[PDB]
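Here the structure is laid out as structure tokens; the discussion comes afterwards.
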Amino acid sequence: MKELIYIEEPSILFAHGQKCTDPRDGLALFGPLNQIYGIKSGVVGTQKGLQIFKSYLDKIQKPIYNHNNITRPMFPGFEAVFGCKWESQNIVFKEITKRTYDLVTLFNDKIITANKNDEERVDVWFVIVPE
Amino acid sequence: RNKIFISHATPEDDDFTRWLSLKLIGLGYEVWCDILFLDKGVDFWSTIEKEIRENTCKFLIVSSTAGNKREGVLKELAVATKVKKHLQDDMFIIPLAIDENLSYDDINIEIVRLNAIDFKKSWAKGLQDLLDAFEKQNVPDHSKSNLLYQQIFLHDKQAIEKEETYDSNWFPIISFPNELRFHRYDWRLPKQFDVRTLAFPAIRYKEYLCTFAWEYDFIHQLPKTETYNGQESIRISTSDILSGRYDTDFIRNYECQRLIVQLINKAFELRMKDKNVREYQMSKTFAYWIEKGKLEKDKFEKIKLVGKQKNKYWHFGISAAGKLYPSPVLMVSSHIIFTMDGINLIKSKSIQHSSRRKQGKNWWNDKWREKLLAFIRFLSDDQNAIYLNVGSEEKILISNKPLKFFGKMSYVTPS
Amino acid sequence: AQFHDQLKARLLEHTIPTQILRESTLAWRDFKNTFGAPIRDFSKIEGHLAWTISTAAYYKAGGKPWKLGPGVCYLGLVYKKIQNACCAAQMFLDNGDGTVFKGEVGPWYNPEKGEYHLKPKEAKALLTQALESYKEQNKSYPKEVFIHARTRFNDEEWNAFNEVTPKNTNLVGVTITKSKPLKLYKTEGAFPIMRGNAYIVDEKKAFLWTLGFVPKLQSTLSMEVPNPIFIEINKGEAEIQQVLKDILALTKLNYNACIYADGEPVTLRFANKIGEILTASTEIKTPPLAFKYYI
DNA sequence: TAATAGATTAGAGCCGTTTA
RNA sequence: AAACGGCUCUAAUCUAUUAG
Ligand SMILES: [Mg+2]
């Protein structure tokens with residue numbers, strides 16, 4: 001018949017100095033702390049992968065639904081929550097048309113050439129792995 | 001008259017008011033804010049008057065330090081007081097104290113009478129309180145904003161301070177054999193014989209024989225141990241080992257503690273060998289389950305242990321091992337063991353894994369707890385405890401009821 | 001099997017925030033099992049899905065999604081097999097109140113096959129690097145250095161730590177052990193034990209339900225029943241309740257996922273991820289030491 | 001060197017998506 | 001490899017002892 005103690009759930013800070021327990025709820029209500037102006041997306045992969053990424057990004061912009069919305073919070077949309085623009089029309093694309101090493105090398109060398117030679121700046125590179 | 005007005009200090013407090021207005025429109029309420037809805041190239045004060053005394057359910061005034069003494073906020077507040085007197089509606093003015101620096105007693109004289117909706121900390125909870133106040137006064141698409149409402153309400157449902165009781169997987173060891181006896185069978189035990197094959201638990205330690213049994217239990221398969229002098233055997237009061245008192249050069253306290261632990265799990269194995277339950281060898285231990293058709297309606301008491309799903313059969317099984325660190329207690333681990341026809345095991349383990357995850361997809365705490373308690377109570381020869389055989393006269397006794405726990409914090413069960 | 005690990009390893013020399021998405025993730029409906037429903041049934045979690053992705057998308061793009069709510073540096077070090085490699089992660093609060101969570105890298109190598117502990121030299125270098133990072137970020141040495149790991153710390157490496165640790169600085173050793181068979185049920189309700197409850201086994205050892213049921217989401221952070229994580233204060237002096245609070249706080253900063261909290265302190269999880277990144281390929285001098293390049 | 005345990009530790013993979 | 005979980009499988013190490 002042992003005592004079980006309670007630890008109060010810590011609150012993670014958000015924008016405007018507000019505190020919420022769930023990162024999802026705090027993000028949806030007040031938003032992230034710092035305001036980056038957008039995501040300079042870079043997509044390296046197959047044309048099919050690029051199209052899939054663009055479609056999923058456009059789906060990300062608009063609000064999307066969970067099956068059970070109370071056990072897991074909604075996603076209002078990237079602009080609504082984080083306040084930065086990540087539209088799919090501003091995607092920097094790199095086409096690809098020991099086996100592990102060379103498959104790794106293909107994407108790495110494409111990203112290296114795009115980061116070194118290409119003028120367009122990419123904040124983060126979304127490696128679309130073929131399946 | 002169906003509109004909500006929010007006055008504030010313009011140069012400083014914009015983020016709070018913008019967020020509050022956006023959430024209010026998300027909730028379906030019509031709002032009017034000077035930094036959002038006041039048009040450009042328009043007489044601003046005339047339009048503020050028109051909105052205040054023509055179309056306004058409620059007049060919300062942020063009570064920040066600067067927003068209190070501000071001339072524009074004061075003017076909007078004065079006109080709001082006049083329209084409050086005109087409309088005769090109670091609680092038409094709603095202050096919103098959002099700054100912790102200014103005291104509730106330093107609020108300007110026109111507002112201090114009203115109860116200020118707290119916004120100093122946790123704007124979400126203050127907004128929920130404001131929403132409750134709006135609903136109580138019936139302040140004036142259905143399935144898309146109730147989600148935002150429920151997220152506002154559910155952001156803060158800290159645990160209720162109620163008493164809860166919990167069953168565990170730790171079954172305490174009620175009683176223990178008084179003496180741990182090492183039998184010096186230098187030759188009576190063959191050096192190439194396996195100590196795990198004896199009908200009673202025993203381990204090969206030094207030149208002795210670590211077991212809880214008497215020196216004459218191992219006779220049927222090891223007859224040469226007969227006529228062995230009892231003075232040769234060394235008996236240790238194991239309560240000293242449990243307390244850690246016995247620490248001599250012959251054997252260290254942790255080593256004999258481990259020896260007793262090993263005795264516990266292999267006596268467990270031997271008992272389930274005699275407890276009418278089949279075995280499965282996992283990575284590190286043995287699980288013991290019940291076959292189909294061996295129990296009434298495949299259930300013990302009011303709890304089932306074996307069932308069917310998608311041309312497959314599942315049995316609830318247990319695998320137990322002892323530890324004596326906080327207390328002498330045997331922990332159990334529960335598993336679902338799968339079969340084709342209900343008696344014959346599946347040789348493949350990938351299909352076993354997939355079936356285990358599929359059946360545990362819908363299993364919850366009540367199901368697991370009741371299955372564990374029923375299976376352990378089934379293996380119980382005694383009404384409130386189970387037996388492990390370590391000797392003819394020495395006994396290992398395991399509590400049927402887990403170590404019970406309780407907590408001062410709990411939750412309302414979802415309906 | 002090592003595609004992600006090697007790809008992330010080969011981009012550390014030139015810092016490039018990279019995130020790997022498979023087509024079965026972004027478009028799960030398109031790829032089926034050829035006999036029915038799609039291989040990855042993501043409909044129940046679709047919004048959650050996007051959440052996580054956006055969170056990752058917002059993290060590697062230099063955006064801070066959420067901080068934590070001083071003077072204490074949480075150092076979680078994890079050991080990876082290949083000889084073993086120890087890779088760390090540090091989380092602390094500066095004078096600007098912005099939680100700095102970068103993660104100490106440059107793994108320290110123990111030549112022994114099965115010894116998941118650091119030699120005096122490697123432990124000395126690790127804790128010296130942690131102190132130097134804390135000093136350059138805060139302009140002072142930490143009051144408390146919260147060393148924690150998935151293994152207990154041996155006496156010799158603890159003595160090395162204490163030798164190289166500065167004065168008026170008390171550092172503590174904490175062990176997080178997962179998959180301990182303590183299946184604590186609930187007899188009244190149909191839902192498992194609610195998260196946050198702690199079983200204090202000893203003044204130095206306790207079982208913390210860092211994951212379980214949660215009233216805020218009206219559900220459990222996990223399926224099945226929740227396994228509490230063992231918190232052992234094997235080295236150092238600290239209150240068990242404060243250590244449990246610190247573990248709960250560290251279970252919040254999982255920037256790699258958009259979930260309420262995870263069962264282990266995510267400092268260990270991120271250190272483990274960067275450890276896989278390091279062990280993936282050839283050693284890189286002065287690794288990036290930021291999670292947007294590994295996670 | 002091999003074995004037999006407990007304790008620890010590490011790796012992998014595999015399925016569900018957390019009962020309303 | 002969005003992610004966390006439960007689960008499974010395997011291996012290794014440290015102790016204690018025994019046979020090479
Ligand atoms: Mg990641």
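By order of appearance in the structure tokens: chains A, B, ..., then residues from 1 within every chain, and ligands from 1 in the order shown.
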>> Can you tell me, as number ranges by chain, which residues in stretch 140-352 of chain B count as helix (DSSP H, G or I) by DSSP?
In response: B: 142-154, 195-197, 223-225, 238-242, 253-273, 296-298, 350-352
Show me, as a compact mmCIF listing (two decimals) with N, CA and C atoms, in the first residue's frame, every residue of chain C with an atom at most 8 Å from chain D, counting only C-alpha atoms (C1' of nucleotides).
# COMPACT_ATOMS: atom_id res chain seq x y z
N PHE C 42 -2.51 5.79 -42.43
CA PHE C 42 -2.18 7.06 -41.80
C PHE C 42 -3.40 7.95 -41.61
N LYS C 44 -5.92 7.80 -39.44
CA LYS C 44 -6.22 8.12 -38.05
C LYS C 44 -5.30 9.20 -37.49
N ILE C 45 -4.16 9.44 -38.13
CA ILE C 45 -3.11 10.29 -37.59
C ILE C 45 -2.69 11.37 -38.57
N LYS C 80 26.82 3.81 -28.23
CA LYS C 80 26.47 3.09 -29.45
C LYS C 80 27.55 2.05 -29.74
N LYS C 81 27.10 0.87 -30.16
CA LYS C 81 27.99 -0.22 -30.53
C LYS C 81 28.36 -0.13 -32.00
N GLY C 114 32.19 -4.46 -24.69
CA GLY C 114 30.91 -4.41 -24.02
C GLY C 114 30.82 -3.42 -22.88
N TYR C 116 30.03 -0.09 -21.64
CA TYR C 116 29.32 1.13 -22.01
C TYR C 116 29.63 2.26 -21.04
N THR C 151 22.81 4.05 -18.84
CA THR C 151 23.60 3.12 -18.04
C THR C 151 24.07 3.83 -16.78
N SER C 219 -6.86 10.40 -23.22
CA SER C 219 -6.36 9.14 -23.74
C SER C 219 -4.97 8.89 -23.15
N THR C 220 -4.30 7.87 -23.67
CA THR C 220 -2.97 7.49 -23.23
C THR C 220 -1.96 7.84 -24.30
N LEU C 221 -0.78 8.30 -23.88
CA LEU C 221 0.28 8.61 -24.83
C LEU C 221 0.75 7.36 -25.57
N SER C 222 0.43 6.18 -25.07
CA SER C 222 0.81 4.92 -25.69
C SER C 222 -0.39 4.00 -25.78
N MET C 223 -0.25 2.96 -26.60
CA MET C 223 -1.20 1.87 -26.61
C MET C 223 -0.91 0.94 -25.44
N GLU C 224 -1.66 -0.16 -25.37
CA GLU C 224 -1.38 -1.28 -24.46
C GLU C 224 -1.48 -0.75 -23.03
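Residues of protein, DNA or RNA lying at most 7 Å from ligand 1, when only C-alpha atoms (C1' of nucleotides) and all ligand atoms are considered, are residues 19, 256 and 295 of chain C; 2 of chain E.
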>> For a quick test of understanding: name the residues of chain E lying within 9 Å of chain C when counting only C-alpha atoms (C1' of nucleotides), and present them as a PyMOL selection string.
In response: chain E and resi 1-6+12-14
> What residues in chain A lie within 7 Å of chain C, counting only C-alpha atoms, written as a ChimeraX atom specification?
Replying inline: /A:4-14,22-24,32-36,39,49,52-53,56,60,64-67,70-72,74-75,100,104,108,123-131
> Got a sec to pull out which chain B residues are within 6 Å of chain C, counting only C-alpha atoms, and send them as a PyMOL selection string?
Replying inline: chain B and resi 154+157+166-169+364-366+369
> Which one is closest to chain D: A:79, A:68, A:38, A:63? Count only C-alpha atoms (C1' of nucleotides).
Replying inline: A:68
Long-range neighbours of residue A:62 as a PDB file with C-alpha atoms, in the first residue's frame, 8 Å cut-off, only C-alpha atoms (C1' of nucleotides), 2 positions minimum in chain:
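Heads up, here's the output in result.pdb:
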ATOM      1  CA  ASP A  58      -0.502  22.091 -50.706  1.00  0.00           C
ATOM      2  CA  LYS A  59      -2.519  19.795 -48.444  1.00  0.00           C
ATOM      3  CA  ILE A  60      -0.462  21.115 -45.510  1.00  0.00           C
ATOM      4  CA  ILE A  64      -6.447  18.832 -42.339  1.00  0.00           C
ATOM      5  CA  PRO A  76      -5.069  24.547 -38.566  1.00  0.00           C
ATOM      6  CA  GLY A  77      -2.408  25.004 -41.268  1.00  0.00           C
ATOM      7  CA  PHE A  78       1.193  26.146 -41.537  1.00  0.00           C
TER       8      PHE A  78
END
> Could you write out as a VMD selection string the residues of chain B within 12 Å of chain E, counting only C-alpha atoms (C1' of nucleotides)?
Replying inline: chain B and resid 186 190 to 195 203 to 210 250 to 259 281 to 284 333 to 337 348 to 361 363 to 364
>> Set the distance at 10 Å and use only C-alpha atoms (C1' of nucleotides): which residues neighbour stretch 37-45 of chain B once local chain neighbours fewer than 6 positions away are removed? I'd like the list as a PyMOL selection string.
In response: chain B and resi 31+51+72+75-76
>> I'd like the neighbourhood of residue C:95 as a PyMOL selection string, where a residue qualifies if any of its atoms comes within 9 Å (using only C-alpha atoms (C1' of nucleotides)), though same-chain residues fewer than 3 positions away should be ignored.
In response: chain C and resi 70+98+137-139
>> Can you tell me which residues surround residue B:99 at a distance of at most 10 Å, considering only C-alpha atoms (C1' of nucleotides), apart from same-chain residues fewer than 4 positions away, and format the answer as a PyMOL selection string?
In response: chain B and resi 62-67+103+118-121
Please save C-alpha atoms of the selected residues as a PDB file, in the first residue's frame.
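Saved the output as out.pdb:
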ATOM      1  CA  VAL B  62      -7.966  45.342 -21.623  1.00  0.00           C
ATOM      2  CA  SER B  63      -6.674  46.453 -18.223  1.00  0.00           C
ATOM      3  CA  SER B  64      -2.977  46.779 -19.023  1.00  0.00           C
ATOM      4  CA  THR B  65      -0.909  49.425 -17.254  1.00  0.00           C
ATOM      5  CA  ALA B  66      -0.846  51.778 -20.245  1.00  0.00           C
ATOM      6  CA  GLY B  67      -4.321  50.812 -21.470  1.00  0.00           C
ATOM      7  CA  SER B 103      -2.699  45.829  -8.858  1.00  0.00           C
ATOM      8  CA  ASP B 118      -8.367  37.195 -15.406  1.00  0.00           C
ATOM      9  CA  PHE B 119      -5.868  37.262 -18.280  1.00  0.00           C
ATOM     10  CA  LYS B 120      -2.604  37.979 -16.436  1.00  0.00           C
ATOM     11  CA  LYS B 121      -1.386  34.382 -16.804  1.00  0.00           C
TER      12      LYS B 121
END
>> Tell me as a ChimeraX atom specification which residues belonging to chain B come within 8 Å of chain A, counting only C-alpha atoms.
In response: /B:15-16,19,121-124,147,150-151,155,403-409
> If you measure from atom CA of residue C:100 to atom CA of residue A:87, what distance in Å do you get, rounded to one decimal?
Replying inline: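 The value is 29.4 Å.
Reported to one decimal place, the separation of atom CA of residue B:133 from atom CA of residue B:18 is 20.0 Å.
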>> Report, in Å to a single decimal, how far apart atom CA of residue B:100 and atom CA of residue B:36 are.
In response: 25.7 Å
